[PDB]
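Chemist: I am attaching a structure below and will ask some questions about it afterwards.
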Amino acid sequence: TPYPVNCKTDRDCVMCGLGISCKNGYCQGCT
């Protein structure tokens with residue numbers, strides 16, 4: 001559960017797939 005999937009913004013987790021749009025800290029999508 002506690003995967004620290006993080007980000008400043010969507011760019012910061014693009015790498016996870018497409019944009020992987022991003023909460024204010026948290027890349028709650030990447031999965």
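Labeling convention for the structure tokens: chains A, B, ... as they appear, residues from 1 per chain, ligands from 1 in order of appearance.
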Residues at most 7 Å from residue A:20, counting only C-alpha atoms, excluding those fewer than 3 positions away in the same chain, as a ChimeraX atom specification?
Modeler: /A:10,13-14,16-17,27,29-30
Chemist: What's the 10 Å shell around residue A:8, counting only C-alpha atoms, without same-chain residues fewer than 4 positions away, as number ranges by chain?
Modeler: A: 12-13, 22-27
Chemist: Among chain A, which residues does DSSP mark as strand (DSSP E) when it is run on the backbone? Keep the chain and numbering as in the structure and answer as a list in words.
Modeler: residues 6, 7, 25 and 26 of chain A
